[PDB]
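Here is the structure we will look at.
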Ligand SMILES: C[C@@H](c1cccc(-c2c[nH]cn2)c1)n1cc(-c2cccc3cn[nH]c23)c(=O)[nH]c1=O
């Protein structure tokens, strides 16, 4: 049943050549490698192969196939596509993604050799909002939305993605898995109710999106640098937020304040964020 359903997601050695010698990135989930996908005509597609080195038991493997079925359906220009999954008889399972020429958004904006304007940064955030509006229409909760998980392709199109631990189905398993592997929770990106109740919704993704807008307007600065991870909840309960960046227009900072509304039901939806940020974006010349 799950096996029959996941077949269209599986790719194998008849199409994929993983270059285990060419490492793109090292993480808590395993490594990312350069890959080559040859289609039926014979043409080459450059890709990134994420290895999920911790998935071993029946319950982990079955949750992974379920996630592949969900993520294989994704088709939106601001959402990183899933090319397929490798279910090898030997070796850890692999996730095959399209290769992103300019890396992750945080690295791109933090690099001293790159000089993006304020309009470019607002535009990058507008692309993330469009990608999240699509995810939210599928009832897909990100849980880890941050500038480090937004990729930039050869055309400077932002793709919403995740380069962390394997995705789980239940919020109870999300904390359980982070504690079992020593991977830190993305505390400074979590909504107040997520920090206190351990649950995640699309409204808590809207909170993380506000932090991502703040990362873009500061060119990759760490949020709440002087606030300890364990002091974040009291800081937020006191009504304190991230301060308005130096080159951030007043209407954009108002949008961030609405994302960080203590009442989750009062935050804007991603559809409202797309409408609001397009209006702000158009007033910027260039
Ligand atoms: C398609 C893409 C993607 C696009 C937009 C949002 C998200 C997201 C939000 N919150 C968690 N993920 C993921 N994607 C998919 C996988 C993936 C593929 C197949 C199976 C599993 C099991 N876990 N992850 C799997 C991956 O590793 N990385 C990645 O970038």
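Residue numbers (the deposited numbering): 1061 to 1346. Here a beta-carbon is modelled for each residue, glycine too, at the ideal position from N, C-alpha and C.
Given this structure, state the Cα-to-Cα distance separating residue 1325 from residue 1263, to the nearest angstrom.
7 Å
Relative to the C-alpha of residue 1184, which candidate in 1323, 1197, 1269 and 1106 has its C-alpha closest?
1269
Tell me the residue span of the beta strand (DSSP E) that contains residue 1111.
1104-1111
Taking the alpha helix (DSSP H) that residue 1275 falls in, what are its first and last residues?
1262-1277
Is residue 1167 helix, strand or coil when you go by DSSP?
helix
Less than 7 Å between the CB of residue 1128 and some heavy atom of ligand 1, yes or no?
yes
At a cut of 8 Å, does the region 1087-1097 reach the region 1152-1168 through at least three beta carbon pairs?
yes
Spatial neighbours of residue 1120 within its chain, please: CB distance less than 8 Å, with the 5 preceding and 5 following residues excluded, ordered by chain position.
1114 and 1226
The alpha helix (DSSP H) that contains residue 1121, what's its start and end?
1118-1132
Could you check if residue 1086 belongs to the surroundings of ligand 1, using beta carbon to heavy atom distance under 7 Å?
no
So what's residue 1098 in DSSP terms, helix, strand or just coil?
strand
I'd like to confirm the pairing. Which residues does DSSP put opposite residue 1139 in its beta bridges?
1220
Going by beta-carbon coordinates alone, are residue 1051 and residue 1252 separated by less than 8 Å?
Here the chain covers residues 1061 to 1346 and nothing more, so residue 1051 does not appear.
Would you tell me roughly how many angstroms separate the C-alpha atoms of residue 1312 and residue 1256, rounded to the nearest one?
28 Å
Apply the 10 Å Cβ neighbour rule to residue 1305 and answer buried if 16 or more other Cβ atoms are within range, or exposed otherwise.
buried
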